[PDB]
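Here the structure is laid out as structure tokens; the discussion comes afterwards.
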Amino acid sequence: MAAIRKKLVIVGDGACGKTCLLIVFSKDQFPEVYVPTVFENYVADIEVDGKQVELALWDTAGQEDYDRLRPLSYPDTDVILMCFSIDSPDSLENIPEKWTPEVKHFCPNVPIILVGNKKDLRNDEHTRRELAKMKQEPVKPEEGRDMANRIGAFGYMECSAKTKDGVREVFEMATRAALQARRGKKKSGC
Amino acid sequence: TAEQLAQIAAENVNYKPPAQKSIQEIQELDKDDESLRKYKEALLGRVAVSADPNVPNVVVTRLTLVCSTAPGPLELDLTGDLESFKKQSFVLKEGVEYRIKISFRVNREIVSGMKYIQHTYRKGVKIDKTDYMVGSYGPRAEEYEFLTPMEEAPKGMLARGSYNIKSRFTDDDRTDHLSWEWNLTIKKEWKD
Ligand SMILES: Nc1nc2c(ncn2[C@@H]2O[C@H](COP(=O)(O)OP(=O)(O)NP(=O)(O)O)[C@@H](O)[C@H]2O)c(=O)[nH]1
Ligand SMILES: *C/C=C(\C)CC/C=C(\C)CC/C=C(\C)CCC=C(C)C
Ligand SMILES: [Mg+2]
Numbered sequence: 001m002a003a004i005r006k007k008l009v010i011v012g013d014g015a016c017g018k019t020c021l022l023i024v025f026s027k028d029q030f031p032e033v034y035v036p037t038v039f040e041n042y043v044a045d046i047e048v049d050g051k052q053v054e055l056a057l058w059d060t061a062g063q064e065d066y067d068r069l070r071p072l073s074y075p076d077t078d079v080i081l082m083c084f085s086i087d088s089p090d091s092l093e094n095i096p097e098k099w100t101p102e103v104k105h106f107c108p109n110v111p112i113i114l115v116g117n118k119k120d121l122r123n124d125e126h127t128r129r130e131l132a133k134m135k136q137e138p139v140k141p142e143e144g145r146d147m148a149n150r151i152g153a154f155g156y157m158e159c160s161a162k163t164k165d166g167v168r169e170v171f172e173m174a175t176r177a178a179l180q181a182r183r184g185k186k187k188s189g190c
Numbered sequence: 007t008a009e010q011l012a013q014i015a016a017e018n025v026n027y028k029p030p031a032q033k034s035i036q037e038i039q040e041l042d043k044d045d046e047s048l049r050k051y052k053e054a055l056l057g058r059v060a061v062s063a064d065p066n067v068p069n070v071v072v073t074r075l076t077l078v079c080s081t082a083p084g085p086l087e088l089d090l091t092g093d094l095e096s097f098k099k100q101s102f103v104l105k106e107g108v109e110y111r112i113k114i115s116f117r118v119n120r121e122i123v124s125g126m127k128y129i130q131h132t133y134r135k136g137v138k139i140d141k142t143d144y145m146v147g148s149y150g151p152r153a154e155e156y157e158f159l160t161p162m163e164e165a166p167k168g169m170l171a172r173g174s175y176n177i178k179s180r181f182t183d184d185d186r187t188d189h190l191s192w193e194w195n196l197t198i199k200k201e202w203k204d
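Protein sequences appear in the order of chains A and B.
Just so we're aligned, residue 1 is where the first sequence starts under the entry's author numbering, counting upward by one.
Going left to right, the second sequence walks through residues 7 to 18, 25 to 204 as the entry's author numbering numbers them.
Below, the structure written as structure tokens:
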């Protein structure tokens, strides 16, 4: 029954789908009415490569007025899911501006996985035309892919909390990366 | 050598810290939102704490060498007289694996980005800078442990001998929490 427990923290601008992803991972039913700002942390038993593993999951408040409060949950962290929304090129822009500096500063040698939220919106008309209202299109998978490369993530995984597509897969990658163990401090010193 | 100490020595973002903010100020933003109150409680957590500007916010208690081999436990008590570390030197066995464990108390406010910077000198030549992000912590009665990632002491004929160390703690605000020097000596074996 009992198992290895790995700590996982999820970061990203606000409006990117952090809380929803988590809800659906526990509850299994996408919020019908009301979305909490922050989901209470909890743990998920998940079975990966036929290994019983336990995953402590922390939602966060991505708004700037918590820039000081938020890092309280970084210590202990085994892996970081860094989120952006696929329907917001503005959130993807913020990845190497705000998120990875903060994370590479607070969790030096901790692996990251780039998580593109709300796939279901990539080919949704309303979305396509609201972005076009300001000369934008939804984020391309090949754009996200090299971001992951640019920030040096473990990998790039994309999903949709609403439709469930790829959510299961997202956390198995996280587990895979938590069970990884070879990093730092690059021979220094001496 | 003593000269080529400087070759050995040649083996050497930006995040920006948050606008300053008090715990009381934090607890009042979005006071309406029940999920956000609980989030705060999970991190701070269930209130209540000290607040008189007068005590320092962070106080570091011991720095300790964790390492299976070792025959004594090895510790710097950093509550006593830091002055008198200039007068003794710790042996560390060449080539061993160790971790460093730091105990400290946070009293009053959030420490943001606490770190431990450690400068190591020999024959007046700085030969290593190292720093471990200890990270962010809120105030609580119970003290905090923090272990650095595993490392190995160096070895060889050169590496054996006497080092002079300047350690300090700071944070993303540049608070000078503590500074001190001590001595280290690297030997073939442990003392005890
Ligand atoms: N279509 C679609 N909408 C989604 C998906 N995930 C989240 N949303 C929606 O987008 C909004 C963002 O919600 P949320 O999940 O709270 O993201 P967040 O990053 O937690 N925001 P906050 O920082 O404010 O807590 C919600 O209104 C939710 O309905 C998804 O996969 N598909
Ligand atoms: C090539 C480098 C040589 C020859 C010397 C480098 C040796 C170093 C940097 C040892 C310093 C490491 C120390 C002092 C860690 C111990 C810390 C505690 C016991 C708290
Ligand atoms: Mg949220």
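Yeah, the Cβ is synthetic: ideal placement off N, Cα and C, and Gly gets one too.
Helix, strand or coil at residue i [DSSP, three-state]
i              : result
residue 66(A)  : helix
residue 87(A)  : coil
residue 34(A)  : coil
residue 199(B) : strand
residue 72(A)  : helix
residue 154(B) : strand
residue 51(B)  : helix
residue 186(B) : coil
residue 106(A) : helix
residue 138(B) : strand
residue 45(A)  : strand
residue 121(B) : coil
residue 11(B)  : helix
residue 29(A)  : coil
residue 96(B)  : helix
residue 111(B) : strand
residue 46(B)  : helix
residue 25(B)  : coil
Residue i: CB within 6 Å of a non-hydrogen atom of ligand 4
i             : result
residue 85(B) : Among the ligands modelled here, namely ligand 1, ligand 2 and ligand 3, ligand 4 does not occur.
Pick out every residue whose C-beta is nearer than 6 Å to a heavy atom of ligand 3: which are they, in chain order? 18(A), 19(A), 37(A), 38(A) and 59(A)
Just checking, does the segment 171-184 of chain A make contact with the segment 105-114 of chain A on the three C-beta pairs under 8 Å criterion? yes
Just by C-beta distance, which residues in the segment 1-23 of chain A are closer than 9 Å to chain B? 19
Three CB pairs or more closer than 8 Å across the segment 192-201 of chain B and the segment 137-146 of chain B: no
Below 9 Å between beta carbons is the criterion; list the residues of the segment 51-67 of chain B that meet it against any residue of chain A, in chain order. 51, 52, 54, 55 and 56
Complete beta strand (DSSP E) runs within the segment 144-186 of chain A (minimum length 3 residues, chain order): 155-158
Would you list, in chain order, the members of the segment 144-156 of chain B that have their beta-carbon closer than 7 Å to a beta-carbon of chain A? Of all residues in the segment 144-156 of chain B, only 145, 147, 148, 149 and 150 come within less than 7 Å of chain A when Cβ atoms are compared, listed by chain position.
Would you call the segment 73-90 of chain A and the segment 5-17 of chain A touching, i.e. three or more CB-CB distances under 8 Å? In this structure the segment 73-90 of chain A lies against the segment 5-17 of chain A, because at least three pairs of beta carbons, one per stretch, are closer than 8 Å.
Against chain A, which members of the segment 74-102 of chain B pass a CB distance test of less than 9 Å? none
If the cut-off is 8 Å on Cβ atoms, which residues from the segment 34-54 of chain A count as contacting chain B, listed in chain order? 36, 37, 38, 39, 40 and 41
When you compare the segment 68-88 of chain B with the segment 167-177 of chain B, are there three or more beta-carbon pairs, one atom per stretch, that lie closer than 8 Å? Verdict: no, contact absent.
Can you list, in chain order, the residues of the segment 52-81 of chain A whose Cβ is nearer than 7 Å to any Cβ on chain B? 61, 65, 67, 68, 69, 71, 72, 73, 74 and 75
Would the segment 113-120 of chain B count as touching the segment 154-168 of chain B if we require 3 or more Cβ pairs under 8 Å? yes
Does the segment 63-73 of chain A come close enough to the segment 18-26 of chain A that 3 or more CB-CB pairs lie under 8 Å? no
Please determine if the segment 94-109 of chain A and the segment 131-141 of chain A are in contact, where contact requires at least 3 C-beta pairs separated by less than 8 Å. no
Counting pairs of Cβ atoms below 8 Å between the segment 92-102 of chain A and the segment 25-35 of chain B, do you hit three or more? yes
Touching by the beta-carbon criterion (3+ pairs, under 8 Å), the segment 158-175 of chain A and the segment 117-136 of chain A: Judged by Cβ distances under 8 Å, the segment 158-175 of chain A makes contact with the segment 117-136 of chain A, as three or more pairs qualify.
In chain order, what residues of the segment 170-188 of chain A put their CB closer than 7 Å to some CB of chain B? 184, 185 and 188
Kindly confirm or deny that the segment 43-60 of chain B and the segment 32-44 of chain A touch, where touching means at least three C-beta pairs closer than 8 Å. yes
Near-chain A residues of the segment 115-126 of chain B - C-beta to any C-beta below 9 Å: 122, 124 and 125
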